[PDB]
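If you're matching them up, the sequences are chains AK, c2, b2, b1, i2, q2, f2, h2, d2 and f1 in order.
So the first sequence is residues 1 to 140, counted in the entry's author numbering.
So the second sequence is residues 2 to 239, counted in the entry's author numbering.
So the third sequence is residues 2 to 379, counted in the entry's author numbering.
So the fourth sequence is residues 2 to 109, counted in the entry's author numbering.
So the fifth sequence is residues 3 to 59, counted in the entry's author numbering.
So the sixth sequence is residues 2 to 76, counted in the entry's author numbering.
So the seventh sequence is residues 2 to 49, counted in the entry's author numbering.
So the eighth sequence is residues 13 to 77, counted in the entry's author numbering.
So the ninth sequence is residues 9 to 109, counted in the entry's author numbering.
So the tenth sequence is residues 50 to 147, counted in the entry's author numbering.
The beta-carbon is built from N, C-alpha and C at its ideal position, and this holds for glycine as well.
Notes follow once the structure below has been shown.
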Amino acid sequence: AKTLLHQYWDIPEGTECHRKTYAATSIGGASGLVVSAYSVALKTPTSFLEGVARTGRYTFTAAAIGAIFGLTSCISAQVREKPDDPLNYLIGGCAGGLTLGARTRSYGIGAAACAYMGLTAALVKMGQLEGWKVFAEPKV
Amino acid sequence: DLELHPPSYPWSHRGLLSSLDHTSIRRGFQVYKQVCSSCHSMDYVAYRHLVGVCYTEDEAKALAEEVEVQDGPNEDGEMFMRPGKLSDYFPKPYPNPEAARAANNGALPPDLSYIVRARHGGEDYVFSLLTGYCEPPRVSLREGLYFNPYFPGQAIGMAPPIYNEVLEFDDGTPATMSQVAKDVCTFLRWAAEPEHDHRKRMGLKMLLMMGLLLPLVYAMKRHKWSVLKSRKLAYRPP
Amino acid sequence: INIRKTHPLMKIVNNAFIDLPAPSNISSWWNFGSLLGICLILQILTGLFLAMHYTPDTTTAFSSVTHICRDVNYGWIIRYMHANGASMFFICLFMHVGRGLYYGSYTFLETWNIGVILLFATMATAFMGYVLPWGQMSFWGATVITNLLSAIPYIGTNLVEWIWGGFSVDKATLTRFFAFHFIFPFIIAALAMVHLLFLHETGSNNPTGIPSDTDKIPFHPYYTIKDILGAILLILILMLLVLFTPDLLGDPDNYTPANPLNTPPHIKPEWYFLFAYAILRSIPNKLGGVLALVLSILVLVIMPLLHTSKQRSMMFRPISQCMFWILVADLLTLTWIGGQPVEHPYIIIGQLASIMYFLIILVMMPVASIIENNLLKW
Amino acid sequence: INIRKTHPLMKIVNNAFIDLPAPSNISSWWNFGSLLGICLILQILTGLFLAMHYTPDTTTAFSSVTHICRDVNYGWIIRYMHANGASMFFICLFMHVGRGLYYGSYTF
Amino acid sequence: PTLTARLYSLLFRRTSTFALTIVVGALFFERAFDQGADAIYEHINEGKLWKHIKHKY
Amino acid sequence: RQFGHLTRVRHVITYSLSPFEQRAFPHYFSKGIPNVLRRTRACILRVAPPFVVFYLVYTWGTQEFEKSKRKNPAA
Amino acid sequence: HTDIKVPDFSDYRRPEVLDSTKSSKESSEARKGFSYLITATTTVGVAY
Amino acid sequence: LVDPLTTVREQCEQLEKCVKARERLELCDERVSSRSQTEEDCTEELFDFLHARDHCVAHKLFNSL
Amino acid sequence: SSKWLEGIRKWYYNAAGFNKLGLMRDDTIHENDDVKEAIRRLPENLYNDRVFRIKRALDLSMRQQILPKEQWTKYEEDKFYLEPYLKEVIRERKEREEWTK
Amino acid sequence: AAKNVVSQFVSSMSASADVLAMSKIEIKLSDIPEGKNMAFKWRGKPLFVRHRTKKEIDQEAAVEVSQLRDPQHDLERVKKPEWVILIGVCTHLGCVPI
Ligand code: HEC
Ligand code: HEM
Ligand code: HEM
Ligand code: HEM
Ligand code: FES
């Protein structure tokens, strides 16, 4: 939601750490709720306990992506000491992609997820930094 | 109070196989000789330890036959001075810490043996405190305290000596402020560590001996252990 | 047949260091026994040279150690080697204890008791020698920890003013500390040989915990060359810390003469007491604090009665393995916390660290061994 | 059965001090071995107390020995025990060697 | 390989000859290592020593 | 426990070769680095997650120490 | 006991012995000289 | 006999966040000036920008010696 | 309930590790005199198979060489053969204690 | 005989004669600046002679009775109100406070 993404972008990046990781786990909980809701809505799990297992798997993967991504975000920003580069989040997106691939227990999914999640996280910080408007103007 | 951290400066001996500048140590001894040797003590350095760092045999004999020492007994026994060749220490300007403390507004200066090594911060600390005097933003400074921020409490009972009466480098160096401060801080680094050049020489020899000897021992360990790495089992029952 | 099998001393050397059966899958975590032996004898020899240049007097001690550092050829390397050798001694000691708790080798009761006796003894030796150079940190840490020993009522108070030689620290206290810092390591070496004797009685322990009675290999020349290589890596790190960084473990509050009036606000001892001292002052109780410290090392004594798995290793108890690594992180937290000043968050997470330490040891490990005992159809 | 025959330390103590077969012949001339051992540990003890009260500086060594014999409590009995226990130590050494020669035990 | 073979056949068949050979090699490499260590340490500074500036005083 | 009364073993054949003929380092760059990669992947899930908790604690401790040090009134 | 064959070590050996027809003589002394020259060089370092 | 310290401490920090915190120092200085016997001595800003300006002194001094 | 307990047990048996060194249940049991008595009371061929499994596992942990995919011992094809032996050791030791006291 | 030997050895490890020989001192009071402590060594320890201000007499009057965990009144502790003289060592663990 607007509230938790605003909590995530409230903190300077910057070193006010592990609030970033908790907000990213909230991102993971929301994403897992979305995917799990549609997945149990469009499967007929047969039976409900296996549906609980599927929902738990998706939420655990999304929360793990959020947690690992927030940790590497904060750590890379503390080490490189430059709170304006997108390259630290490039490294963060690749790390999140590799851990997604490892929890799905593969190699190629992990490498392609590294590449695409890194480039998209770079685009996220790059647009938040230079200034690209969220979802509308809506003016002309 | 508010804690301050001195930044690291690219000293000559900062490098891991780096020496000192012995010419800088000569003029740093000259700096200690001229102005700083009034209050501070550095009693654990004899004049003979200068012989392979900053002076020759003869120049040290002149420098150490400058000052009288008050040798011990004679035919009268009580009181007589002595030139002394080399085996004299630096002759203790304040003979007691009581007489040191009353000489100033309290706060006797510590001895300068281990100042660079024993102040939670190296020669960067000493250089920063020696050069960084500035004006107080509304503190007390009770009659004997000066403001210089690289010091815990920011209150120093030392008159700032760095540019008052620059001391004529006899080798021909123009006495600016930071150059003479760099000189005396390098000289105090040497007085704190009288073994630094020789210890890095033995570090050089040790690193080359461990580039040599360690792959040999590792190779022989892998050789004698190569049987058990490649032994292979097989199971015969009837 | 051979004098190596008939001669009475050579019976000992032959059945100790040649014809000893060994577990064959030994990792690089059993070299630390030989490393602690070599650290011990190198401490003995460097201390012996230092005693061949030392004068224990409460006015000339620090000046005499300066005299060793300056007017003696290579005496600076011997002083630095004794100090950094004490550092590497405790490093290898905690590695040895961590292995001997990790791989289930604490199912050997007698060796464990003899070991904890050695742990007390090496801590006492290192503390007293740390007092010896008459530095400022030495003086004030001596005052603090000896009054901590004076916490125990009616039997200990005048006992501490008795080991003071009065009401203070004096020449008597200095020479008492020099006498005991000399004569403790030989009793340490004797107990090391007793430790060795009981282990040679029981046999060692492989990293799987399976009794290795079909896979015994002789001690020579396999573990001989492996321990010589481990000793050469140790000598490399010792020459690293005596030829490149003396300042990576030294103390600025040790290199001043003990002017007994100043009390510098930096007060921490060196690191191998910093985890213990953090458990002390995170409790607002003097006698309770010293009793909690002694009871922590007594928790290290009463480890084996807590053990209620059915497999002896920790390679095969993964949740127990994770709790062990949390215990390691909490010890390092205690070390860093004791290495700090005292304000509000430091006090909070120090109380956290001590209580989570006892919670992980006394509670979490048997509960984990029971739950993954129960989860194997056992 | 017993600790003494199944414990690795009391095996050694049992084979050194208890189940040692002694000859039923030895006179008081054979007593000097245990007396040398007891004098040895007594010298260790008295010297260790001396070491707790001693300052090896040559200008103050004589005064240090003086303060031992005067103002340290019982320092005089500890010092006199150390010196004359060294004297009786060498006496029992000479009777030990004279035993080991005259009674022909030097075949070993 | 032949240089290893002939060195083995000359020096490493015996044992006293082996010990004498490694003694000769130890003294030889001792002196050569002293020369090389002096040269490399004086090469890593070259302008900070005490020796060449004390005979340039 | 000396060497020879350990156990009773049948049915076993051990083969091994001389230490001279097999080489010193058999494929030390083609087996050992994937081997240590498998070792690292088998351990860091059980070793690493406590130490990042410690690193967070360290950052939090130093940060809150300085923030309780700094005061900021306004008058 | 007739079918007791050795599992091969062709992956492990040195190429001087790895052939299945060569006389193992000239491949022997050079091999011994290599290993003993390693030991001798270690002994030189330890003696220094 | 003119020092290089004056030269580099003038030239390094010339227009910078150091000067931002110098203006912050002037702000708390006049905050103290508009107050009788304050607690906040306006020294905190002094330390942290002199920390920053001496970092930039640390980067670019030792060529001049 | 039970359909998920088996999933937890198979996860723990994957993450245990000794399935990869070619071992089983009865290969890792810590010993007192009682478990060594249970070892003593075994048939001969089972004891031979146990000592060969132990010696392979110690070799492959000596060069730190996990077996390939082909010989990871699968879950629930392993024998809990020591259950009657160790269970009767339990009953006999408890019989000794509860009868003599 | 054993308990005599143990007794005499523990008393040998006690102290010296002159270490037990303490002394009586006289201290001059008004050499000290306002709100400030001066330490003079006596019986081994430092010896606190501190000038407390009249503002610090009022701060001693600003001390709650039982909120002191060792609850003691000021007149129970001091003799003259404006000059204070105490043992120079914190009695917990032998530190000397600043
Ligand atoms: C007499 C006046 C001098 C002279 C000529 C110099 N110093 Fe300084 N110094 C003096 C006193 C009385 C004190 C103590 C003041 C206090 O306690 O605050 C000092 C202090 C120092 C220090 C102290 C830093 C510390 O304690 O951590 C140092 C490093 C120092 N003095 C160095 C120094 C140098 C290098 C001088 C020559 C240029 C020098 N002092 C002159 C008294 C005096
Ligand atoms: C004084 C310092 C110590 C020394 C010199 C020392 C020496 C040794 C040596 C030489 C070994 C055999 C080598 C090895 O197994 O790696 C050993 C093994 C062992 N030590 Fe210690 N030890 C010391 C302290 C301790 C302590 C404090 C303990 C804990 C109580 C301990 C417990 C053990 C155990 C359990 C073993 C057997 C480990 C195994 O076989 O796997 N030791 N020690
Ligand atoms: C019996 C042999 C030993 C003797 C004779 C001996 C003697 C000494 C002496 C004279 C000093 C003071 C020198 C100095 O610190 O500058 C000293 C310091 C010290 N000793 Fe020992 N010591 C011995 C064994 C040990 C052992 C086994 C340890 C523990 C590993 C140890 C730990 C220390 C430490 C930590 C110091 C202080 C080091 C320093 O700060 O420089 N000593 N020892
Ligand atoms: C290892 C334990 C020992 C220590 C710590 C020790 C220490 C000392 C000390 C400090 C002294 C000087 C005090 C004095 O001279 O009155 C001394 C003197 C002496 N010691 Fe020892 N000692 C030890 C064992 C021995 C032994 C075993 C002997 C031989 C029997 C011995 C023979 C002597 C002698 C002959 C003197 C000279 C007494 C004198 O001239 O006043 N000591 N010892
Ligand atoms: S409060 Fe613990 S010593 Fe002062």
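- Query: Per DSSP, residue 11 (chain b2) forms a beta bridge with which residues?
  - Reply: Its beta-bridge partners do not exist; DSSP assigns none.
- Query: List, in order along the chain, the chain i2 residues whose C-beta lies closer than 7 angstroms to that of residue 33 (chain f2)?
  - Reply: 10
- Three or more beta-carbon pairs under 8 angstroms between the segment 340-360 of chain b2 and the segment 24-41 of chain b1, yes or no? no
- residue 9 (chain c2) touches chain h2 at which residues, Cβ-Cβ below 7 angstroms? 70
- Query: Residue range of the alpha helix (DSSP H) that residue 63 (chain d2) falls in?
  - Reply: 52-68
- Message: Rounded to the nearest angstrom, what separates residue 280 (chain b2) and residue 129 (chain b2) at their Cα positions?
- Response: 21 angstroms
- Task: Verify the CB distance criterion: does residue 148 (chain f1) have a CB-CB separation below 8 angstroms to chain b1?
- Result: Lying outside 50 to 147, the shown extent of chain f1, residue 148 (chain f1) is not represented and no answer is given.
- Task: Spell out a yes or no on whether the segment 101-120 of chain b2 and the segment 227-234 of chain b2 are touching, meaning 3 or more CB-CB pairs, one atom from each, closer than 8 angstroms.
- Result: no
- Taking DSSP as the reference, what is the three-state secondary structure of residue 43 (chain f1)? The question about residue 43 (chain f1) has no answer, for chain f1 in this structure spans 50 to 147.
- Query: Hey, is residue 95 (chain d2)'s beta-carbon within less than 8 angstroms of any beta-carbon in chain AK?
  - Reply: no
- Task: Could you tell me which residues DSSP pairs with residue 98 (chain b1) in its beta bridges?
- Result: The partner list for residue 98 (chain b1) (beta bridge, DSSP) is empty, contrary to what the question assumes.
- Item | Per-residue DSSP class, three states only, for residue 114 (chain f1) | coil
- Task: Compute the minimum distance between the beta carbon of residue 80 (chain b1) and the heavy atoms of ligand 4, and state whether it is under 7 angstroms.
- Result: yes
- Task: Can you tell me which of the three DSSP states residue 38 (chain d2) falls into?
- Result: coil
- Message: Between which residues of its own chain and residue 335 (chain b2) is the CB-CB distance below 6 angstroms, once the five residues before and five after are set aside?
- Response: 276, 279, 354
- Message: Let me check one thing: in DSSP terms, what residues is residue 24 (chain b2) bridge-paired to?
- Response: 217 (chain b2)
- Query: Nearest to residue 49 (chain c2) by CA position, among 224 (chain c2), 58 (chain c2), 144 (chain c2), is which residue?
  - Reply: 58 (chain c2)
- Query: Which whole-angstrom value describes the C-beta separation of residue 37 (chain f2) and residue 14 (chain i2), a residue pair presumed to lie in contact below a C-beta threshold of 8 angstroms?
  - Reply: 5 angstroms
- For residue 189 (chain b2), is the beta carbon positioned less than 7 angstroms from some heavy atom of ligand 2? yes
- Environment of ligand 5 in chain order, Cβ to heavy atom below 5 angstroms: 139 (chain f1), 141 (chain f1), 142 (chain f1), 144 (chain f1)
- With hydrogens ignored, establish whether the beta-carbon of residue 98 (chain b2) is closer than 7 angstroms to any heavy atom of ligand 2. yes
- Item | Range covered by the beta strand (DSSP E) that runs through residue 133 (chain f1) | 132-136
- Per DSSP, residue 16 (chain q2) forms a beta bridge with which residues? 233 (chain c2)
- Task: With a cut-off of 8 angstroms on the beta carbons, I'd call residue 81 (chain c2) and residue 51 (chain c2) a contact; round off their distance for me.
- Result: Contact flag wrong, Cβ pair sits at about 26 angstroms.
- Query: Out of curiosity, what's the CA-to-CA distance linking residue 9 (chain d2) and residue 213 (chain b2)?
  - Reply: 40 angstroms
- Measure from the alpha carbon of residue 153 (chain b2) to the alpha carbon of each residue in 147 (chain f1), 146 (chain f1), 141 (chain f1), then state which is nearest. 141 (chain f1)
- Message: Given this structure, state the Cα-to-Cα distance separating residue 59 (chain q2) from residue 314 (chain b2), to the nearest angstrom.
- Response: 32 angstroms
- Message: For residue 183 (chain c2) and residue 65 (chain h2), what's the separation of their Cα atoms in angstroms?
- Response: 19 angstroms
- Within-8 angstroms CB hit, residue 24 (chain i2) to chain c2: no
- Message: Counting C-beta neighbours from all protein chains within 10 Å, is the total for residue 182 (chain b2) 16 or more, i.e. buried, or is it exposed?
- Response: buried
- If you drop the 5 nearest sequence neighbours on each side, which residues of the same chain put their C-beta closer than 8 angstroms to that of residue 186 (chain b2)? 41, 44, 45, 48, 126
- Item | Segment contact, 8 angstroms Cβ cut-off, at least three pairs: the segment 3-10 of chain b2 with the segment 17-32 of chain h2 | no
- Query: Sorry if obvious, but does the Cβ on residue 148 (chain c2) come closer than 7 angstroms to a heavy atom of ligand 1?
  - Reply: no
- Task: Could you tell me how far apart the beta carbons of residue 250 (chain b2) and residue 88 (chain b2) are, in whole angstroms, since I believe they sit closer than 8 angstroms?
- Result: 5 angstroms
- Query: For residue 54 (chain c2), does the three-state DSSP call read helix, strand or coil?
  - Reply: coil
- Message: For residue 23 (chain b2), which residues in the same chain have their Cβ closer than 8 angstroms to its Cβ, ignoring the five residues on either side in sequence?
- Response: 205, 217, 218, 219, 220, 223, 224
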